[PDB]
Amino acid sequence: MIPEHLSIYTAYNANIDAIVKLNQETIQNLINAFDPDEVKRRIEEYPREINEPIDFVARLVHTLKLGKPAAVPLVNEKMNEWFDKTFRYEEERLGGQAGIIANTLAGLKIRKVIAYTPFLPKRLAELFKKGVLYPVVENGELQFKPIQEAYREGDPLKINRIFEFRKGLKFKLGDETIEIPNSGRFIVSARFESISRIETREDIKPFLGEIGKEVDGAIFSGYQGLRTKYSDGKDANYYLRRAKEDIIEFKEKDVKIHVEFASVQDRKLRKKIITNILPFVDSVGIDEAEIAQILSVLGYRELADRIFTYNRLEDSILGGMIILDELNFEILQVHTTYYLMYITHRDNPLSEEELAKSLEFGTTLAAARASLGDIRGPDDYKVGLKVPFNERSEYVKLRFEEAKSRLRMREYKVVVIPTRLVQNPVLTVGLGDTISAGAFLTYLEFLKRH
């Protein structure tokens, strides 16, 4: 069942996600450090990014009193040390699509899992599972090390911080008492320059093809971390030309490549990624929100608006077909709350049943991880079998048949299954990534058999 003989490389995004519990002592001690009217002044002026500590407290306490969640970018690297010296973390865990994917695969105990990120400080390296390899240059040659032991002292440190606040708590901002209405999280995302240089670094770059010889597939993600423009005159395009070069090295070695897409708010960057990356890879993983974002920049604004507004199976099948037809990679996987879907060219070697089985492995693996919070060993996949296909399945199936009646299916194989939906899971972060990892893993297994 688990295709344990396959070897997979993942890049490029891995980071620390760190959680802080805002109890009374913690929030009051923080506020106490500042001048109260200095804080008040900063709230009304409303900082939309965090450059200095007063931006942070201001945005936070505004969020705490409203009792409504918020995410705010950290755009100054030097703040890492401030956060770390001011707060204690409940938990530090691995985040970033490549990180999560690497840890899930190493939890399945496949034959080999190599992960790469250009930024590997010790603190990040130690959050990976045992078993994940990292490529390094040693004595002028390629070697792999256990990733926990491959860290570079001084590498840039990407850390996203989730502040949990629970209802009930009161604190004071000078004389003014303040009770928190609801629970929630205040999220501070790493969005400074040093962690936005998303690439294979120059030392390892010359060995990518040698790395390629060691794997059956590579899963690439994290393009969404690129910025428009960089300090040293580099730009998104510069990094995207390097990204294309990496793709070429693996595909020349007969590696199949899967790109897991992501939300890219800047439409121009989103357009550059789609243009530069998608037509050149084999497999692509998107969610329902992403399908519309892509269509929107491809010019299909009406259909994108329909998808966003009504979330119908039919409009997603049409929109997936358009994206495949326009971009001409090999297979598209769409993940949605109630159904997963594959769209392939008519000459894809897999049968409908194998395509279904691959999707089923994906939703099963994700349901497992959503229930347990972590894949420790291959038997854990079986926990996903305990999560039934959702209550909308029969309606999904009926609507799929109606959709096939309305829409053309000449040039395309379209396969739809219902998800093993977990209502309210131990782990929310990265379920889409885990679906794609399982789907792509089994897609490789079936191709290899063919």
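Counting begins at 1, following the sequence as shown.
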Review point. Which is higher in the entry, the mean Cα B factor of 91-99 or that of 74-82?
Key: 74-82
Exercise for review: Mind pulling up the entry and telling me whether 287-295 or 300-308 has the higher mean Cα temperature factor?
Suggested key: 300-308
Check your understanding: Among 172, 201, 112, 357, where is the Cα temperature factor highest, going by the PDB entry?
Key -> 172
Exercise for review: From the list 179, 126, 138, 352, select the residue with the highest C-alpha B factor recorded in the entry.
Suggested key: 179
**Study point:** Position of residue 344 among the chain's modelled residues by C-alpha B-factor, lowest, middle or highest third
**Key:** middle
Study note, to complete from the structure: Assert third(CA B-factor, residue 429) within chain per record equals highest
Point to revise | Third assignment of residue 385 from its chain's C-alpha B-factors | key: middle
Review point. For residue 246, does the deposited CA B-factor place it in the lowest, middle or highest third of the chain?
Key: lowest
Study note, to complete from the structure: residue 325: CA temperature factor from the record, placed by chain third, in the lowest
